[PDB]
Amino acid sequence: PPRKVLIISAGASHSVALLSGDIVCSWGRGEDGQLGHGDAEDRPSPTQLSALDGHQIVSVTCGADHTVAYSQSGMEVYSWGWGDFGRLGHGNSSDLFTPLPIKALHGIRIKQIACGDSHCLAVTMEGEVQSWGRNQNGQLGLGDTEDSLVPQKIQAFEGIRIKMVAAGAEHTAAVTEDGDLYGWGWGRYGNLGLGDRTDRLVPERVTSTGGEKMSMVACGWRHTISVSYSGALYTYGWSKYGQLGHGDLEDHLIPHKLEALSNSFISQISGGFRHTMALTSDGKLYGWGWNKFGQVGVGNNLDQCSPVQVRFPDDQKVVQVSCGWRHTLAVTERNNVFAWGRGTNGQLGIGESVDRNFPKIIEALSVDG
């Protein structure tokens, strides 16, 4: 039996999966060390990350050109890839071509990890947040603009339990257990949701939320997506490529409900470089935004400023989706994994391949063919 695919994650030009039996595999661009195989070569097919065999990994998360993973039983976080600005969290700027433990996080109960371009954040089981990496625009939420090579606690969240965090190029977002939404970091395109285009050095609460509490948040490069308790979808920030999905190319400075999906309950969301994906509770995947390389997955190369359903063989329902910069990954109910978009770094995982504008199955990881 082909191992169940438990988690997928996409970076700028690479792809990572966690499979049952606790094995990690990676593919795509390898030049910065983001695949973790020791060498610097691109891999066009899923390749087992041997250094993590036996380490009981339960999650993996891609940044633009780096990757983070963690083990619950080992109480360890690992990172590898481009090391500049401290994004790997080891107290230095060195690139890593094989995983190493983030010593500062050893023994800490991790709930969730998010990775942006050059900064990362971890949420603990007690709802505290630690952040590290580039901080030139306050994206670490630490109250200044100095980069951090090691994780630091966000003191601004003292007394406020955090449920999940998200990170874009140079901005950050979070939702609390009580349903509050926050933004901070680089804010020039309205992507913090605070009603202006200025940065924040500490988390600031988003007050315009359509009267709704929020359960989920995700970040694209310069846009942000959230989901409410009623399953409504909100987008804000940059829409040069229509990635907000409102049927035009206008930016929004506060969360704006995507009315076209109002009859659906959204269960998962992902933000890409200039595109966006949302998954409904009945397993339908919608994509929109930039489609130059086919990354929307709708079988053409027209940009899309409104949500369009991504179709799969036999209409099999989708269970996970993750956006890269120029590609998209998805897992279905049948335990098939699909990829589409740009394929030049091997990130689609289907062997040497032309770009694809509709879903293509990754046979190496899938039950079907």
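Each residue number is its position in the shown sequence, starting from 1.
Between the stretches 46-54 and 339-347, it is 46-54 that shows the larger average CA temperature factor. When the two stretches 78-86 and 153-161 are set side by side, the higher mean Cα temperature factor goes to 153-161. Across the residues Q316, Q309, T328, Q304, the deposited record lists the maximum Cα B factor for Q316.
Of the candidates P255, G168, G245, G143, it is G143 whose Cα B-factor is highest according to the PDB record. The entry lists a Cα temperature factor for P203 that places it in the middle third of the chain's modelled residues.
For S148, the recorded CA temperature factor ranks within the middle third of the chain's modelled residues. Among the modelled residues of its chain, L249 has a C-alpha B-factor that falls in the lowest third according to the deposited record. The deposited CA B-factor of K103 belongs to the highest third of values across its chain.
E41 sits in the middle third of its chain by CA B factor, as recorded in the PDB entry.
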